[PDB]
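First, one chain by itself: the form deposited without the ligand, in structure tokens.
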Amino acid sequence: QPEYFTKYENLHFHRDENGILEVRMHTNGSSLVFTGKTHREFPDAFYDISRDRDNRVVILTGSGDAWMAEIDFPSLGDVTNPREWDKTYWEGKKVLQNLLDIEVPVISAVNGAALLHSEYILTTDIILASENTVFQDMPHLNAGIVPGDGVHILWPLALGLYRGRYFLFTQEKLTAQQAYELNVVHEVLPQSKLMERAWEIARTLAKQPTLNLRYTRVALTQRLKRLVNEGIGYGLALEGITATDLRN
């Protein structure tokens, strides 16, 4: 297996003979605790995934009963210092750019609560969720800083520019069933069946010729990439200013 499969302490990699790669986020085998380390390393991981032509379909998932519900806030660095925030800003632009530049279909298997960094899910092509899943933008309006890391672009795409703004301004929580009705989640599965269904869909896709998988992903992500590129830097800059203001 490629060297990058063991380069990331918070990502487990497993790939089959069909080139189906499962990337699973974890903290010591448990549900991911998001950290400054993952904020820095995940952009490199997604770049590494995107470079490797042997990846023909990607499944992105978490561990345990949450997709991402925990954060080690201090580990992010002093966000109120613009010279530190700049690292977050640069990494925040790269993570979405590098995710979107994965050049094959990407299946999200959302294995439970997704209360931060749900923008990752909203780069993917097929979204499956376990019945216990809840979606929220929790951290931004908790901290008093702009939801400017891509949720501001992708949630109003997903829900429209009316419900999307309501969702973000009120920190609305959506159940898996609500997100399914809203066309964000495409299938709701029992916890015990989610991963098998992800792999089933992946095996069906993997029967396609490789260039077809790659160029269908390209065709279907052009508009998405343009919309992310329009707003991501500005959102993260605004967010930085609001983080600085926490010292006032």
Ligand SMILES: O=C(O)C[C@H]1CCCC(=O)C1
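A residue's number is simply how far along the shown sequence it sits, counting from 1.
If you look for the form deposited with the ligand bound, you will not find it shown, but the lines that follow are about it.
- Stretch-level contact analysis of 69 to 77, 121 to 129, 157 to 165, 170 to 178 against the ligand in the bound PDB entry, using heavy atoms and a 4.5 Å limit, identifies 69 to 77.
- In terms of contact with the ligand in the bound PDB entry, the residue from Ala113, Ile153, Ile145, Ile102 that brings a heavy atom within 4.5 Å is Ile145.
- A heavy atom within 4.5 Å of the ligand in the bound PDB entry is found for exactly one of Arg197, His39, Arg217, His26: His39.
- With respect to the ligand in the bound PDB entry, the three residues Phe5, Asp52 and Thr210 uniformly fall beyond 4.5 angstroms at the level of their nearest heavy atom.
- The ligand is not drawn, but in the bound PDB entry it has a heavy atom within 4.5 Å of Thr88.
- Although the partner is absent here, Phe46 is not a contact residue: none of its heavy atoms lies within 4.5 angstroms of the ligand in the bound PDB entry.
- Residues from 101 to 115 do not approach the ligand in the bound PDB entry: none has a non-hydrogen atom within 4.5 Å of it.
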